[PDB]
Structure formats: structure tokens, C-alpha cells
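As a starting point, one isolated chain is supplied in C-alpha cells, in the form deposited in one PDB entry.
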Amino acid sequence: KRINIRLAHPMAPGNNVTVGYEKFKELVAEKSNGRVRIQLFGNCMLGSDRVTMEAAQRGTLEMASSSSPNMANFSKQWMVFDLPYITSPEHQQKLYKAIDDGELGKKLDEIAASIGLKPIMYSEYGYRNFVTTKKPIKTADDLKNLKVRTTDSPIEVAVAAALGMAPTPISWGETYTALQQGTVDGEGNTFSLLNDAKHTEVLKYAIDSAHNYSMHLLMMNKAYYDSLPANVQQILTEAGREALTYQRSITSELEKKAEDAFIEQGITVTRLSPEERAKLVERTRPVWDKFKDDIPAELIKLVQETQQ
């Protein structure tokens, strides 16, 4: 008989992550001649990122996708990815290869297995960049004393404080109002999201700080995966790997288009000098020490090895 597999995620129609999951669904049905069907539950239809991931861990749902920062709720080891300047866009190809094929990908599988999960796709999300409403930012010093919106992420807060900024955690839904009303001076996020949410309407300045990286992790319940016939496991594995090839590339293209949209809307986008980049790196490096007790040195090293 048919195998029906539920996949919950929090993302909206047309989003880079949502569309990777559509390709995954398509590829599963092709490779299986229709025997296996992924049923998509996007847009938090089955609950928040956290609720649907816990369902996947406990086995009341087959698959779910969570952002790498939210995965830190299940194991703080996932914070390795959030550490400021642990990776940079220059080296992304080597990062993907390590995650997909390498010792890094093996270590992550171990971590996922310890919390009841099997990784299927490490969907690209991308790098966050600082933006402001009124205060020109072109250098690392321009950041000092900025009131900046953050999420609840510990690393986000510490990065802001390390740079001399005053972090204010504000929910996403409240952030546009806060910028418009001036309770914060700026934020840090992807160009794609800022453009898609039209934060660009209130922003005037951007720098290519690339000070945080994230992914969206599609996981299957490990016991469920282990209960499947080898040919089905391989279909899922292959489909996720193949879907990821497109999703990674689509994400890059969308980010380029978003940056173009910033410039078309009159936003000044400053490409930081080597000197200024070096200042952001060195100012934020002390954050790693604040979090190293929950992040194994071996995992940090594996990620670092992808950047050389």
C-alpha cells in the first residue's frame, strides 16, 4: 500500500524553504512511482516550529523542519552554526559538502540520533546583515550605541552587546511597528526576508555584515525512519539531497534579487572594507567563549575546517 508521510514546517507559500520542500515532495513521488507521498503542512498548519519538531522527535508526526536557532531548544550543540563569523559566504560550497558528505555531516547525524531524529535536508536560510532606519552605518564604529531588535537567541543578544549595540528582543510581528515608531534604530536579518516583509519601506541603510548564519533543518523521526524498507529510506535520502541542490541555488538567486530590490528602493547598501570586516570579526570573537561549554570543541573545529 501507499506510505503517507507528514511534513510540518512554519514557512509561507513561495518562501525559499517552502519551495525546497515542494521539490522534495515531487522527487519522492517520482522516485517511488507514487508509492510514497509527502503531505506538506506549511505555514504552521500543524503548530509552531517548536511544537512540530517535538512531535517529530516523539513520533506523533513523521517529519518537521526547524530553523537552526530554534533547534537549540532540543540540543544547544546546534548553536555551533550561530557563532558570529564561524562561516562566511565565500566558503559556502565547502560547507555544504562537509554537511552532506563529510565528518561534519556524520557528527550532526549523531547529535540528531541522540534526540530521536534523522536529518533529511539542511535547507539554506542564509546570512543576516545589519540595517538601520535613520543612522548611516558604513563601519563597525557606526554600530556603537544602536538600539537593535533581536530575537530571543542568546547568541544574537551577545553579538549585539559585543558590538557596542543595545539589543532589544522583540517578536517578529512587533518589529515593523518598533522600527517605525523608533523604539529600535535597526535590526539584523537576510535581505530576502527584509524585502519580502517590506521592512525595506522603513529602512535606509544596510551593511553586508554577514554576522550570523542559519539553516532550516528538515528531520524525520528516527524510529520511523528505521522502520522503513531500505529502498524507501534511500528514496527519502536521495530526494532530500537532490532537492537541496536546487533549494541552495534558488536561495542564492533570491538573495541577489533582494539585494537588487534594496538598491532599487533607494537603500544604501555598503560593502564593508577588509578593515571594517576585521573589526566585526575580532569584536564578536569573545562571544564564542560565552557559549563553548554547550558547544563541543570538536564540532566547532569541524565547521571551522570548512572555511580554509
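Between two forms, the rigid core is defined as the largest C-alpha subset superposing within 1.5 Å. All residue numbers are counted from 1 along the displayed sequence. Residues that one form lacks are left out of the comparison.
Although it is not shown, the form deposited in another entry is what the next lines describe.
Considering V148, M220, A112, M79, one residue stands apart with a C-alpha shift of at least 2 Å between the shown form and the other one following superposition on the core, and it is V148.
Core-aligned CA deviation for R37 between the shown form and the other one: less than 2 Å.
Residue displacement note: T200 has its CA displaced by at least 2 Å between the shown form and the other one (rigid core superposed). Once both forms are fitted on their rigid core, the CA atom of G266 lies 2 Å or more apart between the shown form and the other one. Core-superposed comparison between the shown form and the other one places the runs of three or more consecutive residues whose CA atoms all shift by 2 angstroms or more at 128-211, 255-287, listed in sequence order.
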